[PDB]
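Chain by chain, the residues run as shown.
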Amino acid sequence: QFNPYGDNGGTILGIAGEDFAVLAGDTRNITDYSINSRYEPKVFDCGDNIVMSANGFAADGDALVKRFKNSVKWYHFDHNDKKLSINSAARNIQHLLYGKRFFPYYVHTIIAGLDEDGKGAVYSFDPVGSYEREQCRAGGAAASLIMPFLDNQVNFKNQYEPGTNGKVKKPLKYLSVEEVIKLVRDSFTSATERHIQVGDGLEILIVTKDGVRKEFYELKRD
Amino acid sequence: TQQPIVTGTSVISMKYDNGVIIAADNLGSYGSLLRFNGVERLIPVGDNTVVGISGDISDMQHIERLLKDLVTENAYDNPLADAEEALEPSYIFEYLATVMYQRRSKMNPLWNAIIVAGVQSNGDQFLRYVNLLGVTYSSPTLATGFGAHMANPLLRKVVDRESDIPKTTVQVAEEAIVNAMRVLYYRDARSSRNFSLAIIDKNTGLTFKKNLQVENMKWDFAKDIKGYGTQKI
Amino acid sequence: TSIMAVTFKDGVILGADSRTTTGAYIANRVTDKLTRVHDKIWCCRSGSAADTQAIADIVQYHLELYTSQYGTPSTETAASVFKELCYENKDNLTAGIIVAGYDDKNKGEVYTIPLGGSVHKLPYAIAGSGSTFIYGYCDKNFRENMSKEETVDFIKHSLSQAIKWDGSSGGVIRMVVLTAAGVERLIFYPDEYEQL
Amino acid sequence: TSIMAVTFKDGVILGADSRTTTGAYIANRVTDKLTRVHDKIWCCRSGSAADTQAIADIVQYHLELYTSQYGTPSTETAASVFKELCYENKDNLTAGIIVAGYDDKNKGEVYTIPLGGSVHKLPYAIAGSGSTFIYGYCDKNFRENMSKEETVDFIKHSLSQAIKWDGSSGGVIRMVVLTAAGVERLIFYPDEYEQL
Amino acid sequence: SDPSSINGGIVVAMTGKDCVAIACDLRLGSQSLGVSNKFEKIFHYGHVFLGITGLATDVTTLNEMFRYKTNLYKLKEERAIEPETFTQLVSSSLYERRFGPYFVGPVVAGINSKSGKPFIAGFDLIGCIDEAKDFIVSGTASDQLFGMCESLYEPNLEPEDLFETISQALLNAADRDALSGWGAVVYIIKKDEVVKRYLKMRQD
Amino acid sequence: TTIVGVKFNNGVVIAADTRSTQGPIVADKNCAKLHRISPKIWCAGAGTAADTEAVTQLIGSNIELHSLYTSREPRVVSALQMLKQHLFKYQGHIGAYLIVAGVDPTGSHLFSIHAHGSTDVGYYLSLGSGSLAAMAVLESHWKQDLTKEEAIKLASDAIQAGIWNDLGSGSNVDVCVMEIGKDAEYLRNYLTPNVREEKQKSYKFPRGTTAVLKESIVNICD
Amino acid sequence: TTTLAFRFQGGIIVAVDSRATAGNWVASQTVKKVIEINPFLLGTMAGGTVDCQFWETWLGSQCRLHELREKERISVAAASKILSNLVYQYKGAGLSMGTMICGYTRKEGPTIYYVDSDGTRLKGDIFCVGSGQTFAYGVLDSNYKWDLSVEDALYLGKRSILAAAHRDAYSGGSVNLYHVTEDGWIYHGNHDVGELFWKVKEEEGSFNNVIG
Amino acid sequence: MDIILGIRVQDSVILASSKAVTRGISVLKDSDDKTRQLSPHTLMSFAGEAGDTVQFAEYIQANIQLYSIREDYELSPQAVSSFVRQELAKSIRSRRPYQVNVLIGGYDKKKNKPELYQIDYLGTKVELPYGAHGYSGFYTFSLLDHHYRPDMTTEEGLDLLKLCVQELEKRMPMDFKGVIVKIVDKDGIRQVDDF
Amino acid sequence: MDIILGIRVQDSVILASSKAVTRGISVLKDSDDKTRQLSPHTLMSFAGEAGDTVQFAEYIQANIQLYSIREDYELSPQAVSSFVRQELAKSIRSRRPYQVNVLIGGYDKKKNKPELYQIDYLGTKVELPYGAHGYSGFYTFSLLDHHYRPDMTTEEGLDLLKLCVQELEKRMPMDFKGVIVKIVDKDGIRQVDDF
Ligand SMILES: *[C@@](C)(CO)[C@](*)(O)[C@H](Cc1ccccc1)NC(=O)[C@H](Cc1ccc(OC)cc1)NC(=O)[C@H](C)NC(=O)CN1CCOCC1
Ligand SMILES: *[C@@](C)(CO)[C@](*)(O)[C@H](Cc1ccccc1)NC(=O)[C@H](Cc1ccc(OC)cc1)NC(=O)[C@H](C)NC(=O)CN1CCOCC1
Ligand SMILES: *[C@@](C)(CO)[C@](*)(O)[C@H](Cc1ccccc1)NC(=O)[C@H](Cc1ccc(OC)cc1)NC(=O)[C@H](C)NC(=O)CN1CCOCC1
Ligand SMILES: *[C@@](C)(CO)[C@](*)(O)[C@H](Cc1ccccc1)NC(=O)[C@H](Cc1ccc(OC)cc1)NC(=O)[C@H](C)NC(=O)CN1CCOCC1
Ligand SMILES: [Mg+2]
Ligand SMILES: [Mg+2]
Ligand SMILES: [Mg+2]
Ligand SMILES: [Mg+2]
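For this deposition, the record names X-ray crystallography as the technique by which the model was determined and cites 2.90 Å as its resolution.

Naming follows the PDB entry, where chain H appears as Proteasome subunit beta type-4 of Saccharomyces cerevisiae.

Looking at the PDB entry, chain B carries the name Proteasome subunit beta type-7, with the source organism given as Saccharomyces cerevisiae.

Structure representation (structure tokens):
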């Protein structure tokens, strides 16, 4: 019997700072035990300072990104070139995903950008459209490896102030773009070590008020 | 929901400094029966694109007709049909990719793996893959079926990343492709000795080679092999 | 597999391709499917590689022990031991074996043993997946009391066609000639047989 | 079924056995598997009797309507209409059809259409369950530009073997000769072909 | 009805400078229902420490079985079993039940008393030895532990620093797994002293 | 796994990668797939990891007892016969796929065994998930009358093909050279082309970060 | 999930946990499971995240359209019935929802309606919904009286979620409290179970099963 | 079968076990005692598959009684629980396993301490302050987490137990026809007749 | 849902319907009224699949109320029952059928007679002196066969009904949390508050 779904592997990661946000993803694309491409980007600039990635089944991922990019285009036509806010983009994506509730897009979607107060924003979706704004989210094959590390290093979970008898928590603070990229690079190199579907290359899209910048880093190719 | 009947095996391809090479054998398998031997699985579109197709042959022939019809439709009310408004490889691919994904979404797929090789109008090499699931990807080397498992490893030794493309000549690239075709004949049970090869160069254009054969094969060492272990005779 | 054994004037010749498959992948392209169970009793193996191998080894053991006590066994005796294993373990075996041997009294003999474990003595036998494509050809072309050169051509042309149509068959054509003179191994490469 | 169509010097000949089965029972031993879709365009039917029949009737209707408007259709056109039906309804059809016709410009032509609904133009074609047993024989014996008598012998000997080995094939060997001269029906009975 | 994830639990082991650490959570549940918050998964036979995750009845059974075997070993050999030897004993015993296995994920940890070398090892349910310089992970949050250990770990950590690394590896891995947590225990093992610490963690 | 075996002038060489997987997770990044049956008979194993180790040890044990009994150096065909009869008896349920090689008084030998108990003979062989990547290289570059240094190069190249192109294979290349008249040399980590890059950050925690409820000294003595 | 809402002397308490799960993987610890439909209307979420999230915000759009058309805030009964009639149209399609529509109006007073994806719609004083509902019921029932103070009722709702958060593996994260009065709903904060458990243990002397 | 509870307090272990025996759409009996005295200071309640439960309980009872006679000595609750666990741990890999869950309440006379052990059909043993098998735990555990204190009296334990039964009678789907309560302490085993 | 009973006596129809709403291992509600007034002298109780029951009951209610307003006239119980049966008879061959069983108790004012109709989800209608749906019938029918007389009063009918509820409470596996009883007679529909 024909199976309409497949698993193209890879993993993605979104972190939000005070005045910026990053959306990272490895460039490896796979089926079963074969590598299809060592450089196939799945993190995209969608306009209006919104970066997006839909990781899982690449055919569904590309279809969704394509539809959202188109959604942004028509939002401009219909509402006098108004900038689509990240919260509005998030809600719009929920409707795109839920539109196929009974034949889902097999993808974990993450978008990043800046909210209307200029502060960093990351939104994450399940395959059928449930969404939630967060400081931190890993998605895809190696999400289970990376996410607990992010809880510990971004949100300082399980970390207490030394000498306070485990009574005072380590205080939350925004990380610099330099510190965030360090965590992203370490997250992906660690994921590459222990997950077979993750590797080849890492592409990070950084979003500030000035626009969207890119950074690329080599990953292990085994 | 389908099952493929008459099938075509590996399509292999790679980029080199000035263009792209693509190849596929001339066999139409009917399960284990090697039924048809005159099957052309590389289909040129204009003088700048070749579409290589594996999988179901009835669906391949349908895709042939679509591409043929696409050329006709593009020529309508188009004075620049043989110039600026000619069909690009990227246009041909996106059209097929759209069709493939729409068909999978209707649970009635075209049971194929497709590689669109060509050269764009600005001289850029185009090489992209699409299959029955609508899954698309691009790489310096692309291959379908057994080619993905056996050809890609060999072709990646020549062009392992982007920077290796300018350093690869058409002589070196074709040699690797022809070698890969031999390896597939040794090891793929649904491959044939006869194959076609196409080169799309940004300078010399489209060169379509038919009725090629796998040659310089190593079989002599077989005479020394006896039994499966202890047998001495 | 495509395998066959053919009796002729001076004795019998066994023939086989050299392809072993795991799905559509060729695990071994230079396989030796013609195996010695006794000096001048050989067999062609089709079906499960592991099953036919385990059987042939047990038979070789049985015939070696037979020889130690009662001297050279007949080809019929060898076929009977094959049958006994294949029949009694029919539920756990996928083995299609052709048994061929040379006596001085009985000359060349061929016994085929299909899946069920039945025994059939024939002038010539064909077996394996690729045999289906040459029933027509072999029936039309086989003659009794052929010469060595004619029988070699008959097997070569037959397996050439079997190989051409069957995807599960290919590589080299191995042959084993069983006569009073002794045992002769023959090999034929693609470049020769493909263009017949 | 065993069916085949063979091009030759003067045109093309279609050939078929006459056995129809429902399991191992022969429902009809004198079946006519060679059917007219146009004056000099005929087809051999294999697979489901009901499916191939319903298709051939629709094609005959299409070509009759084609002729009313645009004159005699080409053999390629007839094959295209067969393909269109077989391909678009592949999920609901079990039909293996060989299309054969005579033009004056194109002479004899043979198109085979397997289960998938693909089209393949060939010098000669074989199909049906019994065709498996004669791939070896037909490949070795076919020559281009044969005479009428040679082509009749080629088909007769081929189907004779197909019938001999395939249980799903038998009865009489029907043939239909398509040339400039016209349309000739031939029949050959067991007592003749069995002892070839 | 997947034996290895009915009760839940995790074990992690690490090496440091002239020391080893082995840690486990305390949960024992029946699928969603948490039943016990006192179920320790780490045992020891002399100076060799064994942590076992998986089906809790087998955890208990194997502990009792290895206590049995190491006691007889000591009586006959007149010495304590070493980690390398015990690792082989575990492997043998698990493979003995090849086609009816204990649904467990054992982890050996300890310092060889003769050479002084820190030693850790992991196994699958069927006996395959997984030796490592750095760390071994096991349990329902093994993916999480792999990700934590692979990033947090560095070689030649002092006992006091190693404690912090392994504890943070376990805690943050446990909090991303529904079936792990409900308390934790860490063993710091030096050549001739062993410290056992209970960690404060979230109880959900 | 990816494992290969290559015959040469005066002996035989086998090689293997060093990745062990559990689904998509890399369990062991440097496991040993090359197994000693006897001093000059070595085995490369793919398939179920415990099965390859257990079956190689059992036959290795029985080979040693046999060698002592007969006062002879063991032969590769004896190991081959004992392995295949054991594997056949278990009808494939012991999932061991082995490349058996070695030198003995009879000469140098190279065989492969499948889980169901079938054996092959060859000058070059490859087994495991990356066997197609390896065999592609072997078929391209193998020739009759290889030297020792050529065979090691060919073997390790075939393993590398698996390491890079197969997701079930990775990390390092182990090699074992068995030459006639000489001791077999086991080259553990012959190549190490997958060294982890320096991490961006040290995650050494300030002492006291972890909250503690209880402390106690554990008694390991009698 | 564990969600509850109960009626009492001083109005309605609504309490929920904040955990999301995908099998045994803890997907989130900070999820909002209460949706503020309007200043006098709340909706709780249990079951499939999106099914609840999508259709309850849609419910809010339908309630807004009612007060535009009718110039009057929608009744809790009518609001719950829009949602129940919607999911009933999808009955069998595989929607997964366990919701509670809580609110105050003049004609009804404080009202709670249980609505689930197989079409059940029930008015009632006390409901607990979710995988940890039974754990919440245990504590809630055994301590519930109609005459509870606003202070005590808030605590009982908070304590009942904590009870479930502790025992149920698929419940946890943090507690979100709400109090619904005649004047509308009032938010009573997010309470992390990480700190709340130990604080409750110490002060209350409960949770003796746990190693202190 | 269905509901079996257990609460260990300061000086005793209290076991409550439902009285209903249901088979199909009929409650065949409403006065069933789902317990066996293993020794003078050890009581075992049980729930699970029909037939298996009593067969297993009585088999254990016979073995412990055999031990008592042979050694003229009472096994400790810990020793009895370990014996029982091993029997279930054997059972689970048998041709047909005992599908029986048990609670073992005992008073250790050497330690002067009450002890409660919860053992499921897999042979999963845990010592607990309070225990339950089946769906009962899904209500009682959270309730006991709240109200239980380690220094309670037997009377306080019974009131705590009444609170559990009331909650079960309110929220459980099936009518389990109340419970038989038994107390295990320094003076042995006795039954509360009015509950 | 689960237990719905009906008894027709000399001058009235008495409907008893269980109060429990259970879902999983939790009794979500113990005061549920499984009935709708279709017209002043016609009452319909219902039991079956969750959601379907109330949706169907209210749909019928709306239609009968629509008829009443249109004609300024009350449909006879027989006419209402036939309408209901046809709706279920349509339903059973739909894409998704209503899985609802109903009892229709009514007082025909033209005949001055009480009438009780039992209709299952297939659309199988029968007029009866006493009726039940689900497993309830397996106890009550044999009990009513014995104790029922056609000339009983409403008070005698209620005592007869108490006997049925007592038997169900004794032998039924599930706790159905008692019943809401309603009487239909010449003066319309009223609820008995103390049962
Ligand atoms: C041709 C290739 C196909 O029938 C021959 O029969 C050939 C005979 C042969 C090959 C090598 C040595 C001596 C004789 N058979 C095979 O190559 C055989 C194909 C086959 C496999 C399984 C069968 O049923 C049990 C029947 C035919 N190939 C193998 O045995 C290979 C080595 N192993 C596998 O394919 C693994 N199998 C094991 C059995 O269970 C399924 C997976
Ligand atoms: C040979 C006999 C076997 O393939 C031919 O293909 C022959 C072709 C033929 C026969 C008569 C007229 C024209 C052409 N085919 C049959 O005889 C055919 C066998 C067949 C049946 C069903 C198939 O799949 C649907 C494929 C092949 N026989 C029939 O159709 C007979 C008349 N009917 C049945 O067997 C009843 N079938 C109907 C289809 O569903 C199964 C039961
Ligand atoms: C490559 C990595 C395959 O991906 C090799 O075949 C490798 C061989 C190897 C590894 C270490 C030492 C010697 C040889 N195989 C594995 O690493 C193997 C892959 C595998 C997993 C599951 C299988 O199930 C049929 C078969 C192969 N991994 C393991 O054996 C791991 C350590 N163990 C398990 O996954 C436990 N399984 C074993 C089979 O029984 C069920 C539980
Ligand atoms: C607790 C955590 C137990 O699950 C709650 O029921 C919780 C409710 C909730 C409500 C609003 C916001 C967050 C959380 N439920 C979940 O977290 C839910 C569990 C669940 C999964 C699948 C279901 O389908 C039968 C039903 C319940 N988890 C999710 O919805 C997660 C985030 N998403 C997925 O698992 C994605 N699936 C959903 C179903 O369709 C396929 C994709
Ligand atoms: Mg790799
Ligand atoms: Mg049909
Ligand atoms: Mg016949
Ligand atoms: Mg919890």
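Enquirer: Let's hear about the overall build of chain B: which residues, and what values?
Expert: If you tally the helices and strands in chain B, you get 4 helices and 13 strands. The C-alpha radius of gyration computed for chain B amounts to 19 Å, which stays within 12% of the reference 17 Å derived for 233 residues, consistent with globular compactness. For the C-alpha atoms alone, the extent of chain B along its principal axes is close to 75 × 45 × 30 Å. The buried share of chain B, reckoned over its 233 residues, is 61%. For chain B, the distance from the average site of its 24 positive side-chain charges to the average site of its 26 negative ones is 12 Å.

Enquirer: Describe empty space enclosed by the protein, listing the residues and the values that go with them.
Expert: Within this structure, the stated rule accounts for 12 cavities of 30 Å³ or more. A volume near 130 Å³ is recorded for the largest cavity. By residue class, the composition of the lining of the largest cavity is 6 nonpolar, 4 polar and 8 charged.

Enquirer: Kindly report on the site of ligand 1, identifying the contributing residues and their values.
Expert: The environment of ligand 1 is formed by 17 residues, the closest being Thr1(C), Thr21(C), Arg45(C), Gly47(C) and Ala49(C). The local environment of ligand 1 is shared, drawing residues from chains C and F. Between ligand 1 and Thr1(C), the relevant distance is 2.4 Å, taken from an oxygen atom to a side-chain nitrogen or oxygen of the residue. Between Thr21(C) and ligand 1, the recorded distance is 3.2 Å, taken from a backbone N or O atom to a nitrogen atom. For ligand 1, whose accessible area on its own is 770 Å², the fraction buried by protein is 72%. Mapped onto the shell around ligand 1, the elements with two or more residues apiece are β3 (20–22) and β6 (41–47) of chain C.

Enquirer: Can you explain the interface of chain E and chain A? Please cite residues and give values.
Expert: Between chain E and chain A, the contact holds 16 residues from the first and 18 residues from the second. Both faces combined, the contact of chain E with chain A buries some 1,500 Å², and carbon together with sulfur accounts for 48% of it. Counting the surface chain E buries against chain A, the share from its top three residues, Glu150(E), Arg176(E) and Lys200(E), is 35%. The tally of links from chain E across to chain A stands at 2 salt bridges. Between the two partners, chain E and chain A, sit 7 residue pairs in polar contact. Taken together, the elements giving at least two residues each to the side of chain E that touches chain A come down to α3 (142–152) and α4 (159–174) of chain E. Counting residues per element, the side of chain E that touches chain A draws most heavily on α3(E), which supplies 8 residues. Each residue belonging to the side of chain E that touches chain A can be placed in one class, and the counts come to 6 nonpolar, 5 polar and 5 charged.

Enquirer: Tell me about the nonpolar core, and please be specific about residues and values.
Expert: By size, the foremost hydrophobic cluster in this structure holds 104 residues, and its most contacted members are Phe86(E), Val108(E), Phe6(G) and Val14(G). Per-element tally for this core: the top contributor is helix α4 (residues 150–167) of chain G, with 8 residues. With residues near it in sequence (within four places) discarded, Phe86(E) still touches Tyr45(E), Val48(E), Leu50(E), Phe66(E), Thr70(E), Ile81(E) and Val108(E). Grouped together as the second largest cluster of nonpolar side chains are 62 residues, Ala143(B), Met181(B), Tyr186(B) and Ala222(B) included.

Enquirer: Account for the site of ligand 4, with residues named and values stated.
Expert: Lining the immediate surroundings of ligand 4 are 15 residues, of which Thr1(G), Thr21(G), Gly47(G), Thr49(G) and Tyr170(G) lie closest. Proximal residues around ligand 4 fall on chains A and G, making this an inter-chain site. The fraction of the free accessible surface of ligand 4 (790 Å²) that becomes covered by protein chains is 71%. For the shell around ligand 4, the per-class residue count stands at 5 nonpolar, 7 polar and 3 charged.

Enquirer: I'd love a proper account of the packing of helix α1 (residues 57–75) of chain B against helix α2 (residues 89–105) of chain B, names of residues and values included.
Expert: When two helices pack together, their arrangement is given by the angle between their axes and by how far apart the axes lie. All names here are of chain B. For the pair α1 and α2, the least separation of the axes is 12 Å and the interaxial angle reads 135°. Looking at the two axes, α1 sits oblique to α2. The two elements α1 and α2 meet at a crossing, and its hand is right-handed. Of the residues in α2, those touching α1 at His62, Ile63, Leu66, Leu67 and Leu70 are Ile92, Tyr95, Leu96 and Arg103. For the contact of α1 with α2, a count of residues per class yields 7 nonpolar, 1 polar and 1 charged.

Enquirer: Could you give me a rundown of the sheet that holds strand β6 (residues 41–47) of chain D, with the residues and numbers involved?
Expert: Residue and element names in this part refer to chain D. Here we have 5 strands laid out as an open sheet, ordered β5-β6-β7-β8-β9, and antiparallel in their pairing. Of all the strands in the sheet, the pair left with one neighbour each is β5 (34–38) and β9 (120–122). Taken over all neighbouring pairs, the strand axes of this sheet differ in orientation by 25° on average, direction set aside. Here helix α1 (residues 49–70) sits on the sheet and contacts β5, β6 and β7 (95–102); the angle it forms with β5, its principal contact strand, is near 25°.

Enquirer: Would you mind going over the coordination of the magnesium ion (ligand 8) in detail, with residue names and values included?
Expert: Distances from the magnesium ion (ligand 8) to its protein donors, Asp204(E) (O), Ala165(G) (O) and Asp168(G) (O), fall at 2.1 to 2.6 Å. One end of the pair, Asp204(E), is in the segment after β12 (194–199); the other, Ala165(G), is in helix α4, on a second chain. We note that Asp204(E), like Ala165(G), is buried.

Enquirer: Give a description of the sheet that holds strand β2 (residues 11–16) of chain G that names residues and reports values.
Expert: The pairing of strands in a sheet comes from backbone hydrogen bonds and takes either a parallel or an antiparallel form. All names here are of chain G. Spatially, the 5 strands line up as an open sheet ordered β10-β1-β2-β11-β12, and their pairing is antiparallel. The open sheet has two edge strands with one neighbour each: β10 (126–129) and β12 (184–192). Taken pair by pair, the neighbouring strands of this sheet meet at an average axis angle of 10°, ignoring direction. Across 5 bridges, the pairing between β2 and strand β11 (residues 174–181) is antiparallel. Note on β11: the bridge partner recorded for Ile12 is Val180. Those strands touched by helix α3 (residues 133–143) are β1 (3–8) and β10, and its axis lies near 150° from that of β10. Sitting on the sheet, α4 touches β1, β2, β11 and β12, and the angle it makes with β1 is about 155°.

Enquirer: Help me get a handle on the interface of chain E and chain F, residues and values and all.
Expert: With 39 residues of chain E at the interface, the matching set in chain F holds 36 residues. Together, the buried faces of chain E and chain F total about 3,200 Å²; carbon and sulfur atoms form 55% of this surface. Across the chain E-chain F interface, the total number found is 6 salt bridges. With its nearest N and O atoms 3.0 Å apart, the salt bridge here joins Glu150(E) to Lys29(F). Put simply, chain E and chain F have 17 residue pairs in polar contact between them. Within the residue set of the side of chain E that touches chain F, elements represented by two or more residues are β9 (129–131), α3, α4 and β12 of chain E.

Enquirer: A description of the environment of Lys182(A) should follow, citing residues and the corresponding values.
Expert: Within the secondary structure, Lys182(A) is located in helix α4 (residues 177–194). Judged by relative accessible area, which is 30%, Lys182(A) ranks as partly exposed. Through-space distance from the C-alpha of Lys182(A) to that of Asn92(A) is 32 Å; in sequence the pair is 90 residues apart. Apart from residues no more than four positions distant in its own chain, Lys182(A) is found in contact with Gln200(F) and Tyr203(F).

Enquirer: Tell me what's going on with the pairing of β2(G), and back it up with residues and numbers.
Expert: Side chains on a regular strand alternate between the two faces of the sheet. All names here are of chain G. The buried fraction of β2 amounts to 6 of the 6 residues, a majority that puts the element mostly inside the structure. As paired elements, β1 and β2 share 6 bridges and run antiparallel to each other. In the strand pairing of β2, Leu4 is matched with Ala15. Here β1 folds back onto β2 in antiparallel fashion, the turn holding 2 residues.

Enquirer: Hey, could you go over the side chain of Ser167(E) for me, with residue numbers and the actual values?
Expert: Relative to the helices and strands, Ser167(E) resides in helix α4. Of the residues examined, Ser167(E) reaches a relative accessible area of 0% and is grouped as buried. Among the polar contacts made by the side chain of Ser167(E), one reaches the main-chain carbonyl oxygen of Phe163(E) at a distance of 2.7 Å. If we skip the residues at most four places from it in the chain, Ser167(E) touches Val186(E), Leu199(E) and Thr210(F).

Enquirer: Give me unusual backbone geometry: which residues, what numbers.
Expert: One non-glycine residue, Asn145(D), lies in the positive phi region at around 60°. Take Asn145(D): its relative accessible area is 62%, and that puts it in the exposed class.

Enquirer: How would you explain the arrangement of the chains if you had to name every residue and give the values?
Expert: With 16 pairs of chains in contact overall, the contact-richest pair is chains E and F. The least C-alpha distance between chain B and chain E, which are not in contact, is 28 Å. Considering only C-alpha positions, the minimal separation of the non-contacting chain C and chain E is 20 Å.

Calculation rules
Residues numbered from 1 in each chain as written, not as in the entry; some residues may be left out. Chains lettered and ligands numbered in written order. Part of a larger assembly, values for the part shown. Heavy atoms only, no water. Helix = DSSP H or I, 4+ residues; strand = E, 2+ residues; numbered from the N terminus. Rg over C-alpha atoms; globule rule 2.2 N^0.38 Å. Buried < 20%, exposed > 50% of the residue type's maximum accessible area, 1.4 Å probe, protein only. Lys, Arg positive; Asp, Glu negative; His and termini not counted. Charge placed at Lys NZ, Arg CZ, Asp CG, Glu CD. 1 Å grid on protein atoms, 1.4 Å probe; cavity = no way out; pocket = protein on both sides within 12 Å on 5 of 7 lines; lining within 4 Å. Points joined across faces, edges and corners; volume = space filled by probe spheres on them. Nonpolar A, V, L, I, M, F, W, Y, C, P; charged D, E, K, R; others polar. Near = heavy atom within 4 Å. Polar contact = N/O pair within 3.5 Å; in protein donor to acceptor, adjacent residues only side chain to side chain. Areas by Shrake-Rupley, 256 points an atom, 1.4 Å probe, with all protein chains shown as cover. Contact = heavy atoms within 4.5 Å. Buried area = accessible area lost by both parts, 1.4 Å probe. Salt bridge = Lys/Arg side-chain N within 4 Å of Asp/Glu carboxyl O. Core = buried A, V, L, I, M, F, W, Y, C linked by side-chain atoms within 4.5 Å. Axes fitted to C-alpha atoms, helices over the stretch in contact; angles between N-to-C directions. Parallel < 35°, antiparallel > 145°, perpendicular 65-115°, else oblique. Left-handed = near helix turned anticlockwise from the far one by under 90°. Pairing = 2+ DSSP bridges. Donors = N, O, S within 2.8 Å, 3.2 Å for Na, K, Ca; no water.

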